[PDB]
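Below you'll find only one chain, the form deposited in one PDB entry, shown as structure tokens.
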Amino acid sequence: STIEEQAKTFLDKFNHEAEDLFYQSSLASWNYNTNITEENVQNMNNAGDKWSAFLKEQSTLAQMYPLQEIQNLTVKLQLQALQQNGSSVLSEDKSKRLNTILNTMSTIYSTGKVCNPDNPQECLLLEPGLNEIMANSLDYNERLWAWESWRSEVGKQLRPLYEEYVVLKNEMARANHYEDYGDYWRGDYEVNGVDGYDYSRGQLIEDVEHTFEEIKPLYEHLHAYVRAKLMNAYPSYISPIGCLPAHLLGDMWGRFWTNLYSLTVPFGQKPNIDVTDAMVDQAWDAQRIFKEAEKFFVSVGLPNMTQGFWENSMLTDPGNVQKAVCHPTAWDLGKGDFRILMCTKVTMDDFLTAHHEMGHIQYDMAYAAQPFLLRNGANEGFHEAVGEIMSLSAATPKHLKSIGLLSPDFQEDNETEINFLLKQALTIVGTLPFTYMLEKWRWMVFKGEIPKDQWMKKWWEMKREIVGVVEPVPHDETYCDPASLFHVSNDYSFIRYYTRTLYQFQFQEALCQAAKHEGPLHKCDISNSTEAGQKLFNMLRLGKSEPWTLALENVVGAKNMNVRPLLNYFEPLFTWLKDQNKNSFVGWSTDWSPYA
């Protein structure tokens, strides 16, 4: 028996063993998140401890079959992902050092409290206390107080921890034969040994920078119009040529400019399409929402939801004494078991969230037939992208009218169109520079290109130059403002949101051409179109079995990420913005700061 055949037998043992052990970990995790008790915390931990231990044992055994002697690629994939040492390439001491650092940064982010001056008892946490301020407040000094207090009382705690976390994570990565820890994250997109579908770790950097160059014009005009509208609101706080103050962006980091809509709305007399009043008018409940989501997927030739889905999910808040973690999530417990956890309410936003989460499920049912190790999105951005394009088609007036929530006596006019695209752009476009800028800074720290003594100097030089955003208070090297963001201090790769956004419009553009949709891309609903459905299903069922370059070709027909459909979606806005900025300055000077 060859090294390949023994491996085919070793994977056979693993796949059956892991499947039941993962099902037991996931099931305990569900009984806690739906029933927050102390006994369910211990049972979630013991079952999660057993699952983590099984993997570490199998990862060691899988390392005993050398990949060099394997040729069947669908086996080398299952072997490689299992052999990934991760932190287990370090010494027991350095792994224990690193995991303690990872916890303290997580504890500091979550328990970080800031207390207002002259009352050391009226303290606030980030969530909800500080987040409420950064999202709703229009007072400059209150918003300024939260922004700085958060970074000064909590970010500084993280600065020494992050310094030692970069040295260790680079050590782990360099021991896994990567350049640095940033090169290690870029490994998510790597593809080798497939003639015509390969993709290198450095190729991601070049592709991100390249596609970002084409987003720049749209962002500059959106930046110039947001500045112009904010300037009217805060006349003595915003320069007509300078960057935007970081505490005035609608949240704590300026990740999403969504909450600026109230001041930047182009036509503030035409109301939003809020079909929520029509949902209460028609006595809808949570089940009706998800039933209507089911009919959507069925309309395009997808399978309906399993009986176990309707019986096991938690689509309504358990209320009363039984407490639950209300964050919407989709659950692929394996073994024919699929669920959705969601404290749904009769609103339009939850109606759209139901379509976003049931999309994750259809992705999970499609690749369920794959081996255990390949039951995931083609890459990190695939899973999140498929979920977003559901809310796109579902939210259109073409679709909301077809399901009886929007009056047929409502017709889309070119003003509400611009209102819509602007609010989408505030959320979709604004985060693209924030995300590229953040991850580029991290890639440069890991690569060594940023000395410890210029960490915050380069963070804000790159906020001004790339994002067009300037810090309202000068920060020395005792701060750690990137780590004041959840993903940074909790060790998550951030480029997944950049590619996801570019993906989700490539998807939506190809499905809307399959569905033979006519008109602007943003008006498209892929309902009742089984041609579109078949074109997406050919990729969903792949899971991780094939390179993400090929899986992407099955939906769109292109082997690589591409920003054009994103621009295509937004062109009606882009044309209107350029006309609004004819008598305004488009661009920003990086030397201006609000502290003179």
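Numbers follow the displayed sequence, beginning with 1. We call the rigid core the largest set of C-alpha positions that still match within 1.5 Å between the two forms.
Below, we refer to the form deposited in another entry, which is not included among the displayed structures.
When the rigid core of both forms is overlaid, which of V556, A28, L550, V563 is the one whose C-alpha moves 2 angstroms or more between this form and the one not shown? Among the listed residues, the outlier is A28.
Has the Cα of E439 moved 2 Å or more between this form and the one not shown, judged after a core fit? Moves: no, less than 2 Å.
Please check if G359 moves between this form and the one not shown, taking a CA shift of 2 Å or more relative to the superposed core as movement. Comparing forms between this form and the one not shown, the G359 CA shifts at least 2 Å.
Determine, after fitting the two forms on their core, whether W150 shows a C-alpha shift of 2 Å or more between this form and the one not shown. Shift at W150: below 2 Å after core fit.
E69 and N176: do their C-alpha atoms lie closer or farther in the other form than in the form you see, with a change of 3 Å or more? The answer is farther, because the C-alphas of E69 and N176 separate from each other in the other form by 3 Å or more.
Closer or farther apart in the other form, the C-alpha atoms of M44 and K169, for a change of 3 Å or more? Closer together, which means the C-alphas of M44 and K169 are at least 3 Å nearer in the other form.
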